[PDB]
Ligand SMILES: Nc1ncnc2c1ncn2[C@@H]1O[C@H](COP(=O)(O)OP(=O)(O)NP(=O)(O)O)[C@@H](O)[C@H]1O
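Here you get one chain, nothing else, as structure tokens; it is the form deposited without this ligand.
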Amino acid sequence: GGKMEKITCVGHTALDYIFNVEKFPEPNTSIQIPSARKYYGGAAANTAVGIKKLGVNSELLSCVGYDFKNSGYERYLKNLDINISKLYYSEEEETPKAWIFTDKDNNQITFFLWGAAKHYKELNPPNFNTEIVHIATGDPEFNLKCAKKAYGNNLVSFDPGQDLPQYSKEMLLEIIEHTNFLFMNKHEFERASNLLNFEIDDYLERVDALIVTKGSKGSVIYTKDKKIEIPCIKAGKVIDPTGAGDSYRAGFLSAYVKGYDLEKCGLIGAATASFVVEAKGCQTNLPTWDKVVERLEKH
């Protein structure tokens, strides 16, 4: 049939570390970083936490490591009442991590430790009883299994994100054919469209809504019937843009479950993203529902 008032987020739960260096080192040189704070991250977790903060029950499906057990992150999620019953805990691998070296002018070079994500290929998705299954970056093969199992039962939301290069023409077409809400940033949309030889109408033969996000230039929602332009919502002061995308999706999907029309979903996504960019870390300044509604009332 169809399922309950909740959203499942599938994909990375990770610890993000931002290392403030002066200059990237040339061969046979040692530069340093004073300290490196850890932030709770991972696209799936970011989205799940944002959804929960907006008053919608979320559940998380990720592979975590031996250093997740009893650690800051686990207690943090338990304290937020996020259902983590579906987490796979690895005995051998550590939790996925992103080690981000950033310079003095603010140019970022990153890295992603796969770690316990190696386990996705050993696993198969459970049945989902949620209204929406949102598939964020993770293991593409497992993500396709999730889309193909959920589609026609749960609404499927998908954003290929930085995983996009790993999808062949054929595999991308397959997951999109099992997607209800397809989110892509503009660069990724152009790349996907060139790969698929798709125009907008080709996506809309397969999905219910295509949402192209353009950051500071807003977003656009395309359906069969309509093109909806969503403005960017002005933040107070941009400290960290990293969590913005996941937070827009968190807001959009939360609004959808809460029963608003797609335009309002877009506006809530935009308003949500405007909060997260005000602080460092993808989950640090996630807003409540009433705070997001209040900000849209001003803008």
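We call the rigid core whatever largest set of C-alpha positions still superposes within 1.5 Å between the two forms. Throughout, we count residues from 1 along the sequence that is shown.
One more form of this protein, solved in complex with this ligand, exists but is not displayed; see below.
Classification of the binding site as open follows from the superposed pose of this ligand in the bound PDB entry: not one of its atoms falls inside 2.4 Å of a backbone or C-beta atom here. Although the partner is absent here, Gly218 lies within 4.5 Å of this ligand in the bound PDB entry, judged by heavy atoms. Though the partner is left out of this view, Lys148 does not reach within 4.5 Å of this ligand in the bound PDB entry, counting heavy atoms only.
Interface residue remark: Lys53 is not counted as part of the site for this ligand in the bound PDB entry, having no heavy atom within 4.5 Å. Put simply, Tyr256 is far from this ligand in the bound PDB entry: not one heavy atom of it is within 4.5 Å.
Residues placing heavy atoms within 4.5 Å of this ligand in the bound PDB entry fall in a single listed stretch, namely 206-214, out of 85-93, 122-130, 206-214, 192-200.
Shown here without its partner, the chain carries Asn185, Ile233 and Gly245, all of which come within 4.5 Å of this ligand in the bound PDB entry through at least one heavy atom. Residues in 65-88 all lack a heavy atom within 4.5 Å of this ligand in the bound PDB entry.
For the listed set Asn127, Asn124, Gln108, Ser85, the sole C-alpha moving 2 Å or more between the shown form and the other one on a rigid core superposition is that of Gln108. Fitting the two forms on the rigid core leaves the C-alpha of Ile239 displaced by under 2 angstroms between the shown form and the other one. Relative to the superposed core, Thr29 shifts its CA atom by 2 Å or more between the shown form and the other one.
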